[PDB]
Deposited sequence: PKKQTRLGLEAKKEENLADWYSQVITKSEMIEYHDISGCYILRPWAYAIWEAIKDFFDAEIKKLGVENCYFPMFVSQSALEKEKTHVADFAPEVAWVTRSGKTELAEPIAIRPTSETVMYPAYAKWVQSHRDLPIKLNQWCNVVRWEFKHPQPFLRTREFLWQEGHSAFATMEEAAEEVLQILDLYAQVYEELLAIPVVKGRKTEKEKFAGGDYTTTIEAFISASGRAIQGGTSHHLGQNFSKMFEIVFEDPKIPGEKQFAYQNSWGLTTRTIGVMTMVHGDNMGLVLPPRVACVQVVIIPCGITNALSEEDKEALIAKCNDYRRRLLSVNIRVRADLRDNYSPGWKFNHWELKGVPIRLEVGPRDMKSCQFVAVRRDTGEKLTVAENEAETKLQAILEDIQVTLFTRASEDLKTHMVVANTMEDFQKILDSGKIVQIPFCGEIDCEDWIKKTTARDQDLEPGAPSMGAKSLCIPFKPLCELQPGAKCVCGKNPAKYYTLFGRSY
């Protein structure tokens, strides 16, 4: 790897994602191939989150990719299919940018009584938003994989409960799987989903860019969509009266992998948190009778490790040098390299090198390796945490806000929350700073006025430059 993360972050990022064999470019802008090394991380995320939402009663299903004009405009850079071969469709049809308008008519038909609620459905699928701004692999693409969950309840408080549960699962994905610290909160009036009541969100910070990025989102839709699509049930108490269902929706994408790359990656390449590493430990070999024995010693380690449920690969290819293999698996971010040399074989001991720090370490010919893995995870998280702690500070006045913002940090400011003030904050700080979230647990507690002067502060709000 040539480019340096602190010099030329875009070039560093492209080189990391391709030389780690995560991404390949497609001949259509903003579309990328997810190679197995990237996809396996998505598979790990999927296994965790799918089990967890199943524990909450959510069922998986698959709705059509195509949205009619009427369904879509029953409420915009949607991709329109307008012909098959050379012959025009009777009416153009749209590729889903999200599936509310595909799902909620079906919900309306399935709900007859309050006995039919709640409905909790999730799908793992692809969506398309065909914007013409600059794409970035993983972080912001035209086609992407995600999961979208869509719930409908009889009451408001079970919906609110789910909203917070799903947000906490997203925070778990980032913090426990990817070792990325996030700040939970809710979007401002300006930035919230216009189709919902409130939008909760997890925001992560990428310091090499000094920019924030949304990691996931969980919306309380309230009765907005149920009144739109007539998702109604009869009142269990009052004859002949109908109630509109309360709804949530929530989503999470492969952006995860990009954030994991941006946060933990270094100038040797990818750095994989052991919890999502497709390969946690790579075994590399360093008298011909002796050579055969060495290979057999590696296979011994491999089988043992496989037996202790550690994801492991023995790279015994004859065609490549050990130093080549060292660099290959470092670039890919394998948390531990296990080096087996003849002396050490003879000494019945071995060497383990951790990817995060490079700390080498000799050990006796199972237990240790697992112990190293966990520490690597903790290490990654705590460093990311310190980075966030360094780059997220309080400022009580605009001038202090601006200086700090220009130092490449994100700032919690007292904020009145009006949309006009938020646009003013954007252009005065000019790209300009946007609102990220109103944090659940702000750093310091809030008579204080907004940084606009004209109005009092309603809440500490986190602002920053953002992807």
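Trainee: Report the unmodelled segments of the deposited sequence as residue ranges counted from 1.
Mentor: Holes in the chain trace, numbered from 1: 1 to 8, 84 to 91, 303 to 308, 388 to 390, 456 to 466, 483 to 484.
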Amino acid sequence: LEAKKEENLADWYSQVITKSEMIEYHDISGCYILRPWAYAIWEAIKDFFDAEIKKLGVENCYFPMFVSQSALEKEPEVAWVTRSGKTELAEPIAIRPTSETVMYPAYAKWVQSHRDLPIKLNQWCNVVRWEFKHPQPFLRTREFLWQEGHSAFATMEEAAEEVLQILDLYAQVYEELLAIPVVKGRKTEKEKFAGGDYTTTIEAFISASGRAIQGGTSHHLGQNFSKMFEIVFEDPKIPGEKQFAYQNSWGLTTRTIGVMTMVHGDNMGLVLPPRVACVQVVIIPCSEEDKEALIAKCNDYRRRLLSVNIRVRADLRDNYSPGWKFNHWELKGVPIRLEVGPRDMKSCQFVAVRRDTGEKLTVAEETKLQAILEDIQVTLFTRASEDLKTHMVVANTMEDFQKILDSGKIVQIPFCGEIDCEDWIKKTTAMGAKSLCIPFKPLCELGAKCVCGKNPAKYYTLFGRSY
From here on, numbers count along this sequence of modelled residues.
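We call the rigid core whatever largest set of C-alpha positions still superposes within 1.5 Å between the two forms.
Trainee: Following superposition on the rigid core, is the mean squared CA displacement, expressed as RMS, greater for 88 to 96 or for 309 to 317 in 9 other deposited structures of this protein?
Mentor: Once the cores are fitted, 88 to 96 deviates more in 9 other deposited structures of this protein.
Trainee: 137 to 145 versus 235 to 243: which one's CA atoms end up farther from this form in 9 other deposited structures of this protein after a core fit?
Mentor: Looking at 137 to 145 and 235 to 243 in 9 other deposited structures of this protein, the bigger mover is 235 to 243.
Trainee: Between 116 to 124 and 354 to 362, which has the higher average C-alpha B-factor in the PDB entry?
Mentor: Between 116 to 124 and 354 to 362, it is 354 to 362.
Trainee: Averaging only over Cα atoms, indicate whether 317 to 325 or 101 to 109 has the higher B-factor in the PDB entry.
Mentor: Averaging CA B-factors over each stretch, the winner is 317 to 325.
Trainee: Can you tell me which of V183, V232, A384, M392 has the highest Cα temperature factor in the record?
Mentor: That would be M392.
Trainee: Among the candidates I336, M345, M228, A277, give the one with the maximum CA B-factor reported in the record.
Mentor: Comparing C-alpha B-factors across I336, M345, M228, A277, the maximum falls on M345.
Trainee: Please place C437 in the lowest, middle or highest third of its chain by C-alpha B factor as given in the entry.
Mentor: For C437, whose C-alpha B-factor we compare with every modelled residue in the chain, the answer is the middle third.
Trainee: Ranking the modelled residues of this chain by C-alpha B-factor as given in the entry, is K55 in the lowest, middle or highest third?
Mentor: It falls in the middle third of the chain.
Trainee: How does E91 rank on Cα B-factor within its chain, lowest, middle or highest third?
Mentor: It belongs to the middle third of the chain when residues are ordered by C-alpha B-factor.
Trainee: Please place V378 in the lowest, middle or highest third of its chain according to the CA B-factor in the PDB entry.
Mentor: Middle third by C-alpha B-factor.
Trainee: Taking the values exactly as deposited, rank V16 by C-alpha B-factor within its chain and report the matching third: lowest, middle or highest.
Mentor: Its C-alpha B-factor belongs to the lowest third of this chain's values.
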